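One chain comes next, on its own, written as structure tokens: the form deposited in one PDB entry.
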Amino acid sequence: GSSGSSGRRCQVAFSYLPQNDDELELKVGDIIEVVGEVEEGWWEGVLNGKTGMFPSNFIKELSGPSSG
């Protein structure tokens, strides 16, 4: 019994403007592919190819057959 878990998706519930040139720009409706985790309350993902540290306290994970 072995599996390979890698690649997560989450929808941005709150838009976030990057005050730096190393942050991600969250936009209500945006989906960041959680690649890893920066720090407590901060996760790491991709925003349409982009990448940067963002707060995981302003999104909403998505699992199972959860569609709009």
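Heads up: residue numbers just count along the shown sequence, starting at 1.
If you look for the form solved in complex with a partner chain, you will not find it shown, but the lines that follow are about it.
J.: Can residue 23 be called a contact residue for the partner chain in the bound PDB entry at 4.5 Å between heavy atoms?
T.: Yes, residue 23 lies within 4.5 Å of the partner chain in the bound PDB entry.
J.: Indicate whether the partner chain has at least one heavy atom within 4.5 Å of a heavy atom of residue 41 in the bound PDB entry.
T.: Yes, contact at 4.5 Å.
J.: Decide whether residue 53 counts as a contact residue for the partner chain in the bound PDB entry under a heavy atom distance cut-off of 4.5 Å.
T.: Although the partner chain is absent here, residue 53 would touch it in the bound PDB entry, with heavy atoms inside 4.5 Å.
J.: Taking the partner chain as it sits in the bound PDB entry, is residue 48 in contact with it (heavy atom to heavy atom, 4.5 Å or less)?
T.: No, residue 48 sits far enough from the partner chain in the bound PDB entry that none of its heavy atoms falls within 4.5 Å.
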